[PDB]
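Each chain, written out:
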Amino acid sequence: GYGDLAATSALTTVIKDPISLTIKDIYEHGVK
Amino acid sequence: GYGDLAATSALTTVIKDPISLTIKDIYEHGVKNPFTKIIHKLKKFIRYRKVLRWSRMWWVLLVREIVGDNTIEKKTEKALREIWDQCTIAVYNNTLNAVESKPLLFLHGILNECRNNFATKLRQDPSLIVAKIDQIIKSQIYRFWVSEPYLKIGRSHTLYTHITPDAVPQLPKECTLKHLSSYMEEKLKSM
Amino acid sequence: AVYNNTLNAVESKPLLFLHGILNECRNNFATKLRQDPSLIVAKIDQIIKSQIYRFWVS
Amino acid sequence: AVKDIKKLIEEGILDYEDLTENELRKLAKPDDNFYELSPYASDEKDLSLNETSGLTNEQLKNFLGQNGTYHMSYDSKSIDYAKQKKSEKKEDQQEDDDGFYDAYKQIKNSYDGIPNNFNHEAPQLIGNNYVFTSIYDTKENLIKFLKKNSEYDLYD
Amino acid sequence: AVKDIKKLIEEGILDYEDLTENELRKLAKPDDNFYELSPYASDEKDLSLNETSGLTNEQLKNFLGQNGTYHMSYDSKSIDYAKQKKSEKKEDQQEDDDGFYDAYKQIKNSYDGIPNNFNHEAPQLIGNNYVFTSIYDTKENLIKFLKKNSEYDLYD
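- For this deposition, the record names cryo-EM as the technique by which the model was determined and cites 4.23 Å as its resolution.

See the structure below:
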């Protein structure tokens, strides 16, 4: 079934997209 | 067949692109903007400790004189406290003298600037915020704002958030706008 | 816009607010409403300039 | 004991302490000059409205929101324009009194709930009751009585 | 009972209660001064149109849409500008009456469906029927009759 690839696409952006946006402020306001 | 890769490309962007756009508003409006308003509130606290011991000590004396004991609305007293704190930061950055040394220099700054700071944004003042700060300066009532009890709390090592209107001693009745405006009608209406 | 400019409470002194709120919407409607055949700006003029807003507090 | 009777006798004879609840509320009720129709208000310099005011720029509010090493906290474009006009009008002869005599009357009316050109009766909440005060009828003795006696007491 | 007959007798003799449906509708019909050709309207200060008005900026409407801790709710550029012109014209001698007499006549005409310089007959829906009123022929007694009697009644 395609509910197996549901959670793979779910927990991709659940963990990538927060950490991708934290670094854009940590590197800018705390490193740059 | 290629209808098998149809649904794989379908439910890719059906679930990625909504969640990618929700986070761009959840992180911006719910994580960015409050965390900056925590930092820029701390920048008023890491700096500016010696100033806000005196500024909140003066701001309570405006709230007592502009209102005159007729229950003060708490919600927009703190909204104009922020504009009062912007006058003090603007004056204190322009001084080389200490705040503890010469305090009536600062009231000729902070009252004169919030005379002008409230006159450039507050359009209509039926409580007369600009008009009363005019005659606190132009009749020099801010003498009594410096007295024996007001210099003790000013020199004291207390955080500015602990300075409440309960902790500030009240001016005597000779020293307020309620007396000095009514005393002019004892003269100018009689004369 | 008026309540953010007051230190007095709304419950305490209400006719201070009508000298704010009517005077501001006298000017707020006069900067955006071009043509008022119901005369919204022109009637808020003479509610203020003839002080009918007395009876608004009763 | 009725309303016009109290204005003459209570200055001479009657104390406010011996007055009933139906007598205190009617002296705080508006007079018969209220509900009398009166056009033609007299215009004066409104100290309530600030002609030198402006709009929230939202880039000043952002830059002044980030606290630290800024030296002026307002716009100063409209308030220098305003001061330039007073330097150019050459109007001195009574304006030397207008900022200095005129301001006092409207400032005291702000402690009574009365706006600038308001020659009529305006309320003022004292405790849990409203008192309609005037430019002329200040009703100061009612205000001293209702604050002191009815602090922990209730008389409608 | 025809149209000019009613203007003399119904003030003296006839009540509005005894009038038929073909008689009430023709008194609300426009007069013979209507359909008479009349050029050259007389211009006056139009209180309807606001010369100090402006356009929706859409960044104010966005910033005022997000409710909270803003201190002025309009633009104040065009309404300060206009006031400077009245300080510079030195026109006082009849303009002291123009703002103070003129508002009253045009404001009452707004309750009758009549615009500013309109010296002719203009309708006004009362219930389900239109009544053409004038500057001069106000037809006030028809308005008091059709509102009170025909509230739950229908007379065309």
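### Here we look at the arrangement of the chains
So, point 1. The assembly contains seven pairs of chains in contact; the pair sharing the most contacts is chains B and D.
So, point 2. There is no contact between chain A and chain D; across them, the least C-alpha separation is 13 Å.
So, point 3. Chain E makes no contact with chain A, the minimum C-alpha separation between the two being 25 Å.

### Points about a negative patch on the surface
So, point 1. A cluster of acidic residues, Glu44(D), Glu91(D), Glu95(D), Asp96(D), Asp97(D) and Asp98(D), forms a negative patch at the surface.
So, point 2. One can find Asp96(D) in helix α5 (residues 95-109).

### As for the pattern of salt bridges
So, point 1. Tallied over the full model, the rule gives 17 salt bridges over all chains.
So, point 2. Among the salt bridges present, the one from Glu51(D) reaches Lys45(D), with a minimum N-O distance of 3.2 Å.
So, point 3. For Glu51(D), a relative accessible area of 31% gives the class partly exposed.
So, point 4. On the basis of relative accessible area, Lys45(D) is assigned to the partly exposed category, the value being 46%.
So, point 5. For the salt bridge of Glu140(D) with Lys144(D), the shortest nitrogen-to-oxygen distance reads 3.8 Å. With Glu140(D) and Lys144(D) both in helix α6 (residues 140-148), this residue pair falls four residues apart, about one helical turn.
So, point 6. For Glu140(D), a relative accessible area of 46% gives the class partly exposed.
So, point 7. For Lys144(D), a relative accessible area of 53% gives the class exposed.
So, point 8. A cluster of three or more residues bridged by salt bridges with shared partners is formed by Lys44(B), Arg56(B) and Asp85(B).

### Some details on the nonpolar core
So, point 1. Within the largest apolar cluster, 48 residues are counted, with the highest numbers of intra-cluster contacts made by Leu62(B), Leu111(B), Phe118(B) and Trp145(B).
So, point 2. For this core, the elements supplying multiple residues, two or more each, are α2 (49-67), α3 (74-92), α4 (103-121) and α5 (129-137) of chain B together with α5 of chain D.
So, point 3. When residues of this core are assigned to their parent elements, the largest contribution, eleven residues, is made by α2(B).
So, point 4. Residues contacting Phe118(B), with those up to four places away along its chain left out, are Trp59(B), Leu80(B), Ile83(B), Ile129(B), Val130(B), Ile133(B) and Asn50(D).
So, point 5. Counting 13 residues, the second largest nonpolar core, distinct from the first, contains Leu15(C), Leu18(C), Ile114(D) and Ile135(D).

### Details of the packing of α2(B) against α4(B)
Residue and element names in this part refer to chain B.
So, point 1. Put simply, α2 and α4 touch, their axes get as near as 12 Å, and they point 55 degrees apart. As the angle between them shows, α2 and α4 are arranged oblique. In this structure, the crossing between α2 and α4 has a hand that is right-handed. Residues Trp-54, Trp-58, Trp-59 and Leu-62 of α2 form the contact with α4, whose own contacting residues are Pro-103, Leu-107, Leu-111 and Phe-118.
So, point 2. Tallied by class, the residues present in the contact of α2 with α4 amount to eight nonpolar, no polar and no charged.

### Topic: the packing of aromatic side chains
So, point 1. Summed over the entire model, instances satisfying the criterion amount to 17 aromatic pairs over all chains.
So, point 2. An aromatic cluster of at least three residues, connected via ring pairs, comprises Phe55(C), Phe34(D), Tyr35(D) and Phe132(D).
So, point 3. Geometry around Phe45(B) places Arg49(B) over its ring, the cationic atom sitting 5.1 Å from the centre.
So, point 4. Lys43(C) extends its terminal NZ or CZ atom over the ring of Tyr111(E), reaching a point 4.1 Å from the ring centre.

### Quick look at the packing of α2(B) against helix α6 (residues 148-155) of chain B
All names here are of chain B.
So, point 1. Two elements in contact, α2 and α6, have axes whose closest approach is 8 Å; the angle formed by their N-to-C orientations is 145 degrees. Seen from above, α2 lies across α6 with right-handed handedness. Between α2 and α6, the contacting residues are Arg-53, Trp-54, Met-57 and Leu-61 on the first element and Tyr-150, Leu-151, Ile-153, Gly-154 and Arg-155 on the second.
So, point 2. Tallied by class, residues from the contact of α2 with α6 come to six nonpolar, one polar and two charged.

### Focus on a nonpolar patch on the surface
All names here are of chain A.
So, point 1. On the surface, a cluster of nonpolar side chains totalling about 780 Å² of accessible area is made up of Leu-11, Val-14, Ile-15, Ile-19, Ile-23, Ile-26, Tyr-27 and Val-31.
So, point 2. Here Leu-11 lies in helix α1 (residues 4-30).
So, point 3. Residue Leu-11 is classed as exposed on the basis of its relative accessible area, which comes to 53%.

### What to know about the interface of chain B and chain E
So, point 1. Taken together, the contacts link seven residues of chain B with five residues of chain E.
So, point 2. Summed over both sides, the interface of chain B with chain E buries roughly 470 Å², with 51% coming from carbon and sulfur.
So, point 3. When the buried surface of chain B facing chain E is broken down by residue, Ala79(B), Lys121(B) and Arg123(B) rank first, second and third, together holding 78% of it.
So, point 4. Scanning the region where chain B abuts chain E turns up one salt bridge.
So, point 5. Its salt-bridge partner being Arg123(B), residue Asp80(E) comes within 3.1 Å of it at the nearest N-O pair.
So, point 6. For the pair chain B and chain E, the number of links is two residue pairs in polar contact.
So, point 7. Ranked by residues supplied to the side of chain B that touches chain E, first place goes to α3(B) with three residues.

Criteria and thresholds
- Residues numbered from 1 in each chain as written, not as in the entry; some residues may be left out.
- Chains lettered and ligands numbered in written order.
- Part of a larger assembly, values for the part shown.
- Heavy atoms only, no water.
- Contact = heavy atoms within 4.5 Å.
- Patch = residues over 30% accessible without salt bridge, like charges linked within 9 Å, V, L, I, M, F, W, Y side chains within 5 Å.
- Areas by Shrake-Rupley, 256 points an atom, 1.4 Å probe, with all protein chains shown as cover.
- Salt bridge = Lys/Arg side-chain N within 4 Å of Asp/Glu carboxyl O.
- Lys, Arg positive; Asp, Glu negative; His and termini not counted.
- Charge placed at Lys NZ, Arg CZ, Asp CG, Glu CD.
- Helix = DSSP H or I, 4+ residues; strand = E, 2+ residues; numbered from the N terminus.
- Buried < 20%, exposed > 50% of the residue type's maximum accessible area, 1.4 Å probe, protein only.
- Core = buried A, V, L, I, M, F, W, Y, C linked by side-chain atoms within 4.5 Å.
- Axes fitted to C-alpha atoms, helices over the stretch in contact; angles between N-to-C directions.
- Parallel < 35°, antiparallel > 145°, perpendicular 65-115°, else oblique.
- Left-handed = near helix turned anticlockwise from the far one by under 90°.
- Nonpolar A, V, L, I, M, F, W, Y, C, P; charged D, E, K, R; others polar.
- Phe/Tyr/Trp six-rings, centres within 6.5 Å; stacked < 30°, edge-to-face > 60°.
- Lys NZ or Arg CZ within 6 Å of the ring centre and 35° of its normal.
- Buried area = accessible area lost by both parts, 1.4 Å probe.
- Polar contact = N/O pair within 3.5 Å; in protein donor to acceptor, adjacent residues only side chain to side chain.

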